>>> print(open('input-v1.tsv').read())   # TSV, N, CA, C and O atoms and all ligand atoms
chain	number	residue	atom	x	y	z
A	1	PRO	N	0.82	-1.24	0.00
A	1	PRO	CA	0.00	0.00	0.00
A	1	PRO	C	0.84	1.28	0.00
A	1	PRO	O	1.18	1.80	1.06
A	2	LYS	N	1.30	1.65	-1.19
A	2	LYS	CA	2.29	2.71	-1.33
A	2	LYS	C	2.05	3.49	-2.63
A	2	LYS	O	1.77	2.90	-3.67
A	3	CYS	N	2.12	4.81	-2.52
A	3	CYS	CA	1.57	5.68	-3.57
A	3	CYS	C	2.63	5.86	-4.67
A	3	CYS	O	3.61	6.61	-4.50
A	4	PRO	N	2.30	5.35	-5.87
A	4	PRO	CA	3.10	5.61	-7.10
A	4	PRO	C	3.19	7.09	-7.46
A	4	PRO	O	3.93	7.48	-8.36
A	5	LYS	N	2.24	7.86	-6.92
A	5	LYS	CA	2.12	9.27	-7.23
A	5	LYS	C	3.17	10.07	-6.45
A	5	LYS	O	4.09	10.64	-7.03
A	6	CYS	N	2.94	10.20	-5.15
A	6	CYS	CA	3.66	11.18	-4.34
A	6	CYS	C	4.88	10.54	-3.69
A	6	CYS	O	5.73	11.24	-3.13
A	7	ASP	N	4.84	9.22	-3.59
A	7	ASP	CA	5.84	8.47	-2.84
A	7	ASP	C	5.63	8.67	-1.33
A	7	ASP	O	6.59	8.89	-0.60
A	8	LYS	N	4.43	8.33	-0.87
A	8	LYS	CA	4.19	8.04	0.54
A	8	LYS	C	3.74	6.59	0.71
A	8	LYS	O	3.68	5.84	-0.27
A	9	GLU	N	3.27	6.27	1.91
A	9	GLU	CA	2.46	5.07	2.12
A	9	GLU	C	0.99	5.47	2.29
A	9	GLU	O	0.67	6.45	2.96
A	10	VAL	N	0.11	4.54	1.92
A	10	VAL	CA	-1.29	4.90	1.70
A	10	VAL	C	-2.16	4.25	2.77
A	10	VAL	O	-2.12	3.04	2.97
A	11	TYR	N	-2.72	5.11	3.62
A	11	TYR	CA	-3.64	4.65	4.66
A	11	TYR	C	-4.94	4.16	4.04
A	11	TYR	O	-5.38	4.64	3.00
A	12	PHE	N	-5.61	3.24	4.74
A	12	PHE	CA	-6.60	2.38	4.10
A	12	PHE	C	-7.73	3.21	3.50
A	12	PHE	O	-7.69	3.51	2.30
A	13	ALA	N	-8.43	3.93	4.38
A	13	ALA	CA	-9.63	4.65	3.94
A	13	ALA	C	-9.27	5.84	3.06
A	13	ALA	O	-10.15	6.43	2.42
A	14	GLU	N	-7.97	6.03	2.86
A	14	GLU	CA	-7.48	7.11	2.01
A	14	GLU	C	-7.05	6.55	0.65
A	14	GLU	O	-6.26	7.18	-0.06
A	15	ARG	N	-7.45	5.32	0.37
A	15	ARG	CA	-6.81	4.52	-0.66
A	15	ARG	C	-7.59	4.63	-1.97
A	15	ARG	O	-8.83	4.64	-1.96
A	16	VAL	N	-6.88	4.41	-3.08
A	16	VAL	CA	-7.51	3.98	-4.33
A	16	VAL	C	-6.57	3.03	-5.08
A	16	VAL	O	-5.40	2.91	-4.72
A	17	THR	N	-7.18	2.14	-5.86
A	17	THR	CA	-6.46	1.03	-6.46
A	17	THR	C	-6.38	1.19	-7.98
A	17	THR	O	-7.30	1.69	-8.61
A	18	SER	N	-5.19	0.92	-8.51
A	18	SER	CA	-4.95	1.01	-9.94
A	18	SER	C	-3.54	0.51	-10.27
A	18	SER	O	-2.63	0.66	-9.46
A	19	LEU	N	-3.48	-0.35	-11.28
A	19	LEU	CA	-2.26	-1.07	-11.61
A	19	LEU	C	-1.81	-1.93	-10.43
A	19	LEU	O	-0.63	-2.25	-10.30
A	20	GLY	N	-2.79	-2.45	-9.70
A	20	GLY	CA	-2.54	-3.47	-8.69
A	20	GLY	C	-1.63	-2.93	-7.60
A	20	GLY	O	-1.15	-3.68	-6.75
A	21	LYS	N	-1.54	-1.60	-7.53
A	21	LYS	CA	-0.98	-0.93	-6.36
A	21	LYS	C	-1.83	0.30	-6.02
A	21	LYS	O	-2.63	0.76	-6.83
A	22	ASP	N	-1.79	0.68	-4.74
A	22	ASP	CA	-2.75	1.62	-4.19
A	22	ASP	C	-2.25	3.05	-4.38
A	22	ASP	O	-1.06	3.29	-4.59
A	23	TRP	N	-3.10	3.99	-3.96
A	23	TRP	CA	-2.80	5.41	-4.12
A	23	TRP	C	-3.44	6.20	-2.97
A	23	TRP	O	-4.35	5.68	-2.32
A	24	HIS	N	-3.28	7.52	-3.05
A	24	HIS	CA	-4.00	8.44	-2.18
A	24	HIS	C	-5.20	9.03	-2.92
A	24	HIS	O	-5.19	9.18	-4.14
A	25	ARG	N	-6.29	9.22	-2.17
A	25	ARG	CA	-7.59	9.51	-2.76
A	25	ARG	C	-7.51	10.82	-3.57
A	25	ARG	O	-7.85	10.87	-4.76
A	26	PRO	N	-6.87	11.84	-2.94
A	26	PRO	CA	-6.60	13.14	-3.60
A	26	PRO	C	-5.66	13.03	-4.80
A	26	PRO	O	-5.73	13.85	-5.72
A	27	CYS	N	-4.69	12.14	-4.68
A	27	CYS	CA	-3.53	12.14	-5.58
A	27	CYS	C	-3.98	11.85	-7.01
A	27	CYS	O	-3.37	12.34	-7.96
A	28	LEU	N	-4.82	10.83	-7.15
A	28	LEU	CA	-5.12	10.23	-8.44
A	28	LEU	C	-5.79	11.25	-9.36
A	28	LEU	O	-7.01	11.39	-9.35
A	29	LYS	N	-4.96	12.07	-10.00
A	29	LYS	CA	-5.43	13.27	-10.67
A	29	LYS	C	-4.66	13.48	-11.98
A	29	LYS	O	-3.45	13.27	-12.03
A	30	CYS	N	-5.34	14.09	-12.94
A	30	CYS	CA	-4.73	14.46	-14.20
A	30	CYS	C	-3.66	15.53	-13.99
A	30	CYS	O	-4.00	16.70	-13.77
A	31	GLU	N	-2.47	15.23	-14.52
A	31	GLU	CA	-1.39	16.20	-14.59
A	31	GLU	C	-1.37	16.88	-15.96
A	31	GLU	O	-0.42	17.59	-16.29
A	32	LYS	N	-2.53	16.85	-16.61
A	32	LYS	CA	-2.75	17.65	-17.81
A	32	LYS	C	-3.81	18.71	-17.55
A	32	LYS	O	-3.51	19.91	-17.49
A	33	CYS	N	-5.00	18.25	-17.16
A	33	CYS	CA	-6.16	19.15	-17.07
A	33	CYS	C	-6.47	19.49	-15.63
A	33	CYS	O	-7.23	20.41	-15.35
A	34	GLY	N	-5.98	18.65	-14.72
A	34	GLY	CA	-6.13	18.89	-13.29
A	34	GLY	C	-7.54	18.54	-12.84
A	34	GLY	O	-8.07	19.15	-11.91
A	35	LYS	N	-8.09	17.48	-13.43
A	35	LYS	CA	-9.31	16.87	-12.93
A	35	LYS	C	-8.98	15.69	-12.02
A	35	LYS	O	-8.32	14.74	-12.44
A	36	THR	N	-9.57	15.70	-10.83
A	36	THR	CA	-9.54	14.54	-9.94
A	36	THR	C	-10.23	13.35	-10.61
A	36	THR	O	-11.19	13.53	-11.36
A	37	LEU	N	-9.60	12.19	-10.48
A	37	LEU	CA	-9.93	11.04	-11.31
A	37	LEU	C	-10.87	10.10	-10.55
A	37	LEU	O	-11.19	10.33	-9.39
A	38	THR	N	-11.45	9.15	-11.29
A	38	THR	CA	-12.61	8.40	-10.82
A	38	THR	C	-12.33	6.91	-10.89
A	38	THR	O	-11.39	6.47	-11.55
A	39	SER	N	-13.28	6.13	-10.36
A	39	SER	CA	-13.14	4.68	-10.32
A	39	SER	C	-13.04	4.12	-11.73
A	39	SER	O	-14.03	3.68	-12.31
A	40	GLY	N	-11.81	3.98	-12.20
A	40	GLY	CA	-11.53	3.40	-13.50
A	40	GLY	C	-12.02	4.33	-14.61
A	40	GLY	O	-12.60	3.88	-15.60
A	41	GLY	N	-11.50	5.56	-14.58
A	41	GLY	CA	-11.61	6.48	-15.70
A	41	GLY	C	-10.31	7.24	-15.94
A	41	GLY	O	-10.21	8.03	-16.88
A	42	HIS	N	-9.25	6.74	-15.29
A	42	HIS	CA	-7.93	7.36	-15.42
A	42	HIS	C	-6.99	6.44	-16.19
A	42	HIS	O	-7.38	5.35	-16.62
A	43	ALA	N	-5.71	6.79	-16.17
A	43	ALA	CA	-4.64	5.89	-16.58
A	43	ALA	C	-3.28	6.50	-16.24
A	43	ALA	O	-3.20	7.67	-15.87
A	44	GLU	N	-2.28	5.63	-16.14
A	44	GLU	CA	-1.05	5.96	-15.43
A	44	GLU	C	0.11	6.12	-16.42
A	44	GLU	O	0.49	5.16	-17.08
A	45	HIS	N	0.76	7.28	-16.36
A	45	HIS	CA	2.13	7.41	-16.87
A	45	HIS	C	3.11	7.33	-15.71
A	45	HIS	O	2.71	7.32	-14.55
A	46	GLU	N	4.38	7.08	-16.04
A	46	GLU	CA	5.34	6.57	-15.07
A	46	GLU	C	5.49	7.54	-13.91
A	46	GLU	O	6.10	8.61	-14.06
A	47	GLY	N	4.69	7.30	-12.87
A	47	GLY	CA	4.63	8.19	-11.72
A	47	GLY	C	3.83	9.45	-12.06
A	47	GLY	O	4.14	10.54	-11.57
A	48	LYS	N	2.68	9.24	-12.70
A	48	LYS	CA	1.70	10.29	-12.90
A	48	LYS	C	0.46	9.72	-13.62
A	48	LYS	O	0.45	9.55	-14.85
A	49	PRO	N	-0.62	9.53	-12.84
A	49	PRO	CA	-1.97	9.26	-13.40
A	49	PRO	C	-2.51	10.38	-14.28
A	49	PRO	O	-2.02	11.50	-14.24
A	50	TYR	N	-3.64	10.10	-14.92
A	50	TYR	CA	-4.18	11.00	-15.93
A	50	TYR	C	-5.61	10.59	-16.31
A	50	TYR	O	-5.98	9.43	-16.11
A	51	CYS	N	-6.19	11.39	-17.20
A	51	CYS	CA	-7.34	10.98	-17.99
A	51	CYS	C	-6.98	9.73	-18.82
A	51	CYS	O	-6.09	9.81	-19.67
A	52	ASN	N	-7.96	8.83	-18.90
A	52	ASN	CA	-7.96	7.76	-19.89
A	52	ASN	C	-7.96	8.35	-21.30
A	52	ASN	O	-7.11	8.00	-22.12
A	53	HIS	N	-8.72	9.43	-21.46
A	53	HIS	CA	-8.61	10.29	-22.63
A	53	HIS	C	-9.06	11.72	-22.25
A	53	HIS	O	-9.88	11.92	-21.34
A	54	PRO	N	-8.86	12.63	-23.23
A	54	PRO	CA	-7.83	12.42	-24.29
A	54	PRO	C	-6.41	12.35	-23.72
A	54	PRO	O	-5.46	12.10	-24.46
A	55	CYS	N	-6.25	12.86	-22.50
A	55	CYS	CA	-4.97	13.37	-22.02
A	55	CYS	C	-3.89	12.29	-22.10
A	55	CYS	O	-2.77	12.55	-22.52
A	56	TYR	N	-4.27	11.08	-21.71
A	56	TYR	CA	-3.40	9.92	-21.85
A	56	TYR	C	-3.06	9.69	-23.32
A	56	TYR	O	-1.91	9.45	-23.67
A	57	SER	N	-4.10	9.71	-24.15
A	57	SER	CA	-3.97	9.29	-25.54
A	57	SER	C	-3.18	10.33	-26.34
A	57	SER	O	-2.74	10.07	-27.46
A	58	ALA	N	-3.10	11.53	-25.78
A	58	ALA	CA	-2.55	12.67	-26.49
A	58	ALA	C	-1.05	12.80	-26.22
A	58	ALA	O	-0.28	13.13	-27.12
A	59	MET	N	-0.70	12.71	-24.94
A	59	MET	CA	0.64	13.04	-24.49
A	59	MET	C	1.51	11.79	-24.44
A	59	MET	O	2.73	11.86	-24.57
A	60	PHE	N	0.89	10.68	-24.05
A	60	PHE	CA	1.57	9.39	-24.01
A	60	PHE	C	0.88	8.40	-24.94
A	60	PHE	O	-0.05	7.70	-24.54
A	61	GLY	N	1.20	8.50	-26.23
A	61	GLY	CA	0.53	7.74	-27.26
A	61	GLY	C	0.92	8.28	-28.65
A	61	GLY	O	1.17	9.49	-28.83
A	62	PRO	N	1.06	7.35	-29.61
A	62	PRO	CA	1.57	7.67	-30.97
A	62	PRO	C	0.74	8.73	-31.70
A	62	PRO	O	-0.45	8.89	-31.42
A	63	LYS	N	1.43	9.55	-32.49
A	63	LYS	CA	0.83	10.73	-33.08
A	63	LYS	C	1.18	10.83	-34.56
A	63	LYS	O	1.69	9.87	-35.15
A	64	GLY	N	0.77	11.93	-35.18
A	64	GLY	CA	0.83	12.07	-36.62
A	64	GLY	C	2.17	12.68	-37.04
A	64	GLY	O	3.23	12.14	-36.72
A	65	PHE	N	2.09	13.72	-37.87
A	65	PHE	CA	3.27	14.26	-38.53
A	65	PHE	C	4.21	14.89	-37.50
A	65	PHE	O	5.29	14.38	-37.24
A	66	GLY	N	3.84	16.09	-37.05
A	66	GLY	CA	4.72	16.92	-36.24
A	66	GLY	C	4.21	18.35	-36.20
A	66	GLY	O	4.96	19.29	-36.46
A	67	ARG	N	2.91	18.49	-35.99
A	67	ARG	CA	2.23	19.77	-36.13
A	67	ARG	C	1.92	20.36	-34.76
A	67	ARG	O	1.03	21.20	-34.63
A	68	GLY	N	2.80	20.08	-33.81
A	68	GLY	CA	2.63	20.54	-32.44
A	68	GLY	C	2.62	22.06	-32.39
A	68	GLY	O	3.07	22.73	-33.33
A	69	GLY	N	1.97	22.60	-31.36
A	69	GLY	CA	1.69	24.02	-31.28
A	69	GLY	C	2.99	24.82	-31.19
A	69	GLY	O	4.08	24.26	-31.28
A	70	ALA	N	2.85	26.14	-31.13
A	70	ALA	CA	3.98	27.04	-31.25
A	70	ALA	C	4.47	27.47	-29.87
A	70	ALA	O	5.65	27.77	-29.69
A	71	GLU	N	3.52	27.62	-28.96
A	71	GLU	CA	3.79	28.25	-27.67
A	71	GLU	C	2.64	27.97	-26.70
A	71	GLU	O	2.85	27.37	-25.64
A	72	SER	N	1.43	28.23	-27.17
A	72	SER	CA	0.22	27.81	-26.47
A	72	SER	C	-0.35	26.55	-27.11
A	72	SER	O	-0.51	26.48	-28.33
A	73	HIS	N	-0.51	25.52	-26.29
A	73	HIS	CA	-0.84	24.18	-26.78
A	73	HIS	C	-2.27	24.16	-27.31
A	73	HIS	O	-3.09	25.02	-26.98
A	74	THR	N	-2.60	23.07	-28.01
A	74	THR	CA	-3.97	22.79	-28.41
A	74	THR	C	-4.11	21.34	-28.85
A	74	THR	O	-3.29	20.50	-28.50
A	75	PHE	N	-5.24	21.05	-29.48
A	75	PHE	CA	-5.63	19.67	-29.78
A	75	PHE	C	-4.67	19.06	-30.80
A	75	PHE	O	-4.89	19.19	-32.01
A	76	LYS	N	-3.56	18.54	-30.31
A	76	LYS	CA	-2.46	18.12	-31.16
A	76	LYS	C	-2.36	16.60	-31.19
A	76	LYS	O	-1.96	16.03	-32.21
A	101	ZN	ZN	-0.11	10.12	-2.97
A	102	ZN	ZN	-7.09	15.30	-18.27
>>> encode(input="input-v1.tsv", output="structure tokens")
Amino acid sequence: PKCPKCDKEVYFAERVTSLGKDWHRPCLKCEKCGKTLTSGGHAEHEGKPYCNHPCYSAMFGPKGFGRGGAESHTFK
């Protein structure tokens, strides 16, 4: 029972489960959009949970040519 997110240990009633290891209830949050995540609607990058989409699919997932934004990001 140890948090992949923050690197603490995870007290029981403060827990959430994903990738067969636990987390902190607050922690499990998008590091893209900053939405607190739900019972199996997230997904994990290496020491950072996220949206299942788009945020996961966008930042950690194969993409097209190379038309990334200039300075302010968008639907890339
Ligand atoms: Zn945590
Ligand atoms: Zn998100």
>>> residues_near_ligand(input="input-v1.tsv", ligand="ligand ZN 101 (chain A)", cutoff="5 Å", atoms="all atoms listed in the file", output="PyMOL selection string")
chain A and resi 3+5-6+24+27
>>> write_last_selection(input="input-v1.tsv", atoms="N, CA, C and O atoms", output="short mmCIF file (atom, residue, chain, number, x, y, z; two decimals), keeping the file's coordinate frame")
data_model
loop_
_atom_site.label_atom_id
_atom_site.label_comp_id
_atom_site.auth_asym_id
_atom_site.auth_seq_id
_atom_site.Cartn_x
_atom_site.Cartn_y
_atom_site.Cartn_z
N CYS A 3 2.12 4.81 -2.52
CA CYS A 3 1.57 5.68 -3.57
C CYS A 3 2.63 5.86 -4.67
O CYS A 3 3.61 6.61 -4.50
N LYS A 5 2.24 7.86 -6.92
CA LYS A 5 2.12 9.27 -7.23
C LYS A 5 3.17 10.07 -6.45
O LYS A 5 4.09 10.64 -7.03
N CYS A 6 2.94 10.20 -5.15
CA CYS A 6 3.66 11.18 -4.34
C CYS A 6 4.88 10.54 -3.69
O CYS A 6 5.73 11.24 -3.13
N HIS A 24 -3.28 7.52 -3.05
CA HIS A 24 -4.00 8.44 -2.18
C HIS A 24 -5.20 9.03 -2.92
O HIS A 24 -5.19 9.18 -4.14
N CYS A 27 -4.69 12.14 -4.68
CA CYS A 27 -3.53 12.14 -5.58
C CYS A 27 -3.98 11.85 -7.01
O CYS A 27 -3.37 12.34 -7.96
#
>>> closest_residue(input="input-v1.tsv", among="A:15, A:32, A:45, A:25", to="ligand ZN 102 (chain A)", atoms="all atoms listed in the file")
A:32
>>> atom_distance(input="input-v1.tsv", atom1="atom CA of residue 11 of chain A", atom2="atom CA of residue 29 of chain A")
17.7 Å
>>> atom_distance(input="input-v1.tsv", atom1="atom CA of residue 51 of chain A", atom2="atom CA of residue 14 of chain A")
20.4 Å
>>> select_by_dssp(input="input-v1.tsv", residues="chain A", states="alpha helix (DSSP H)", output="compact mmCIF listing (two decimals) with N, CA, C and O atoms, keeping the file's coordinate frame")
# COMPACT_ATOMS: atom_id res chain seq x y z
N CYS A 55 -6.25 12.86 -22.50
CA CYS A 55 -4.97 13.37 -22.02
C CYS A 55 -3.89 12.29 -22.10
O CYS A 55 -2.77 12.55 -22.52
N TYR A 56 -4.27 11.08 -21.71
CA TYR A 56 -3.40 9.92 -21.85
C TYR A 56 -3.06 9.69 -23.32
O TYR A 56 -1.91 9.45 -23.67
N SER A 57 -4.10 9.71 -24.15
CA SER A 57 -3.97 9.29 -25.54
C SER A 57 -3.18 10.33 -26.34
O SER A 57 -2.74 10.07 -27.46
N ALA A 58 -3.10 11.53 -25.78
CA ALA A 58 -2.55 12.67 -26.49
C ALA A 58 -1.05 12.80 -26.22
O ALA A 58 -0.28 13.13 -27.12
N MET A 59 -0.70 12.71 -24.94
CA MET A 59 0.64 13.04 -24.49
C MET A 59 1.51 11.79 -24.44
O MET A 59 2.73 11.86 -24.57
>>> residues_around(input="input-v1.tsv", residues="residue 44 of chain A", least_positions_apart="2", cutoff="10 Å", atoms="only C-alpha atoms", output="compact mmCIF listing (two decimals) with N, CA, C and O atoms, in the coordinates of the input")
# COMPACT_ATOMS: atom_id res chain seq x y z
N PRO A 4 2.30 5.35 -5.87
CA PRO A 4 3.10 5.61 -7.10
C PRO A 4 3.19 7.09 -7.46
O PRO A 4 3.93 7.48 -8.36
N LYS A 5 2.24 7.86 -6.92
CA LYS A 5 2.12 9.27 -7.23
C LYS A 5 3.17 10.07 -6.45
O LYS A 5 4.09 10.64 -7.03
N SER A 18 -5.19 0.92 -8.51
CA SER A 18 -4.95 1.01 -9.94
C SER A 18 -3.54 0.51 -10.27
O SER A 18 -2.63 0.66 -9.46
N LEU A 19 -3.48 -0.35 -11.28
CA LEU A 19 -2.26 -1.07 -11.61
C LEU A 19 -1.81 -1.93 -10.43
O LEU A 19 -0.63 -2.25 -10.30
N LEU A 28 -4.82 10.83 -7.15
CA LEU A 28 -5.12 10.23 -8.44
C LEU A 28 -5.79 11.25 -9.36
O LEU A 28 -7.01 11.39 -9.35
N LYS A 29 -4.96 12.07 -10.00
CA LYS A 29 -5.43 13.27 -10.67
C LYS A 29 -4.66 13.48 -11.98
O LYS A 29 -3.45 13.27 -12.03
N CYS A 30 -5.34 14.09 -12.94
CA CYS A 30 -4.73 14.46 -14.20
C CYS A 30 -3.66 15.53 -13.99
O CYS A 30 -4.00 16.70 -13.77
N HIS A 42 -9.25 6.74 -15.29
CA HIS A 42 -7.93 7.36 -15.42
C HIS A 42 -6.99 6.44 -16.19
O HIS A 42 -7.38 5.35 -16.62
N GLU A 46 4.38 7.08 -16.04
CA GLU A 46 5.34 6.57 -15.07
C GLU A 46 5.49 7.54 -13.91
O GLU A 46 6.10 8.61 -14.06
N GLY A 47 4.69 7.30 -12.87
CA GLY A 47 4.63 8.19 -11.72
C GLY A 47 3.83 9.45 -12.06
O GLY A 47 4.14 10.54 -11.57
N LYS A 48 2.68 9.24 -12.70
CA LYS A 48 1.70 10.29 -12.90
C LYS A 48 0.46 9.72 -13.62
O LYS A 48 0.45 9.55 -14.85
N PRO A 49 -0.62 9.53 -12.84
CA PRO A 49 -1.97 9.26 -13.40
C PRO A 49 -2.51 10.38 -14.28
O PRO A 49 -2.02 11.50 -14.24
N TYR A 50 -3.64 10.10 -14.92
CA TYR A 50 -4.18 11.00 -15.93
C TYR A 50 -5.61 10.59 -16.31
O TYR A 50 -5.98 9.43 -16.11
N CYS A 51 -6.19 11.39 -17.20
CA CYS A 51 -7.34 10.98 -17.99
C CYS A 51 -6.98 9.73 -18.82
O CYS A 51 -6.09 9.81 -19.67
N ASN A 52 -7.96 8.83 -18.90
CA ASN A 52 -7.96 7.76 -19.89
C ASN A 52 -7.96 8.35 -21.30
O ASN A 52 -7.11 8.00 -22.12
N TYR A 56 -4.27 11.08 -21.71
CA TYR A 56 -3.40 9.92 -21.85
C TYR A 56 -3.06 9.69 -23.32
O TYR A 56 -1.91 9.45 -23.67
N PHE A 60 0.89 10.68 -24.05
CA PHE A 60 1.57 9.39 -24.01
C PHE A 60 0.88 8.40 -24.94
O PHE A 60 -0.05 7.70 -24.54
>>> select_by_dssp(input="input-v1.tsv", residues="chain A", states="strand (DSSP E or B)", output="PyMOL selection string")
chain A and resi 2+9+15-18+21-24+29+36+42-45+48-51
>>> axis_aligned_box(input="input-v1.tsv", around="segment 9-12 of chain A", padding_each_side="6 Å", output="lines of an AutoDock Vina configuration file")
center_x = -2.2
center_y = 4.4
center_z = 3.2
size_x = 23.0
size_y = 16.1
size_z = 15.0
>>> atom_distance(input="input-v1.tsv", atom1="atom C of residue 1 of chain A", atom2="atom C of residue 54 of chain A")
27.2 Å
>>> closest_residue(input="input-v1.tsv", among="A:13, A:39, A:53, A:8", to="ligand ZN 102 (chain A)", atoms="only N, CA, C and O atoms and all ligand atoms")
A:53
>>> closest_residue(input="input-v1.tsv", among="A:66, A:23, A:36, A:9", to="ligand ZN 102 (chain A)", atoms="only C-alpha atoms and all ligand atoms")
A:36
>>> closest_residue(input="input-v1.tsv", among="A:7, A:22, A:31, A:71", to="ligand ZN 102 (chain A)", atoms="all atoms listed in the file")
A:31
>>> closest_residue(input="input-v1.tsv", among="A:2, A:21, A:55, A:26", to="ligand ZN 102 (chain A)", atoms="only N, CA, C and O atoms and all ligand atoms")
A:55
>>> closest_residue(input="input-v1.tsv", among="A:70, A:33, A:43, A:59", to="ligand ZN 102 (chain A)", atoms="only N, CA, C and O atoms and all ligand atoms")
A:33
>>> decode(input="input-v1.tsv", residues="segment 53-66 of chain A", atoms="N, CA and C atoms", output="mmCIF file, in the first residue's frame")
data_model
loop_
_atom_site.group_PDB
_atom_site.id
_atom_site.type_symbol
_atom_site.label_atom_id
_atom_site.label_comp_id
_atom_site.auth_asym_id
_atom_site.auth_seq_id
_atom_site.Cartn_x
_atom_site.Cartn_y
_atom_site.Cartn_z
ATOM 1 N N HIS A 53 -8.715 9.427 -21.462
ATOM 2 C CA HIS A 53 -8.605 10.290 -22.626
ATOM 3 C C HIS A 53 -9.061 11.720 -22.249
ATOM 4 N N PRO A 54 -8.862 12.634 -23.232
ATOM 5 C CA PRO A 54 -7.829 12.422 -24.289
ATOM 6 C C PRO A 54 -6.409 12.355 -23.717
ATOM 7 N N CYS A 55 -6.255 12.864 -22.497
ATOM 8 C CA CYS A 55 -4.967 13.370 -22.022
ATOM 9 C C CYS A 55 -3.894 12.294 -22.096
ATOM 10 N N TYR A 56 -4.270 11.080 -21.711
ATOM 11 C CA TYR A 56 -3.402 9.921 -21.851
ATOM 12 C C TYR A 56 -3.063 9.686 -23.320
ATOM 13 N N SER A 57 -4.096 9.707 -24.154
ATOM 14 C CA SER A 57 -3.970 9.292 -25.545
ATOM 15 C C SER A 57 -3.185 10.328 -26.341
ATOM 16 N N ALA A 58 -3.096 11.529 -25.779
ATOM 17 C CA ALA A 58 -2.549 12.674 -26.495
ATOM 18 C C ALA A 58 -1.053 12.805 -26.218
ATOM 19 N N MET A 59 -0.700 12.713 -24.941
ATOM 20 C CA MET A 59 0.644 13.040 -24.486
ATOM 21 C C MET A 59 1.512 11.787 -24.445
ATOM 22 N N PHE A 60 0.888 10.680 -24.052
ATOM 23 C CA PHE A 60 1.568 9.393 -24.013
ATOM 24 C C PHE A 60 0.877 8.400 -24.942
ATOM 25 N N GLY A 61 1.204 8.504 -26.227
ATOM 26 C CA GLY A 61 0.533 7.740 -27.263
ATOM 27 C C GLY A 61 0.924 8.283 -28.652
ATOM 28 N N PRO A 62 1.059 7.350 -29.615
ATOM 29 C CA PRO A 62 1.568 7.673 -30.971
ATOM 30 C C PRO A 62 0.740 8.730 -31.698
ATOM 31 N N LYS A 63 1.427 9.546 -32.489
ATOM 32 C CA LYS A 63 0.830 10.735 -33.079
ATOM 33 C C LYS A 63 1.184 10.828 -34.560
ATOM 34 N N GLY A 64 0.768 11.928 -35.177
ATOM 35 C CA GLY A 64 0.832 12.073 -36.624
ATOM 36 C C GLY A 64 2.171 12.677 -37.041
ATOM 37 N N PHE A 65 2.094 13.715 -37.867
ATOM 38 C CA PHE A 65 3.272 14.262 -38.526
ATOM 39 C C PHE A 65 4.209 14.895 -37.502
ATOM 40 N N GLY A 66 3.839 16.090 -37.055
ATOM 41 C CA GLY A 66 4.720 16.915 -36.240
ATOM 42 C C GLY A 66 4.212 18.354 -36.196
#
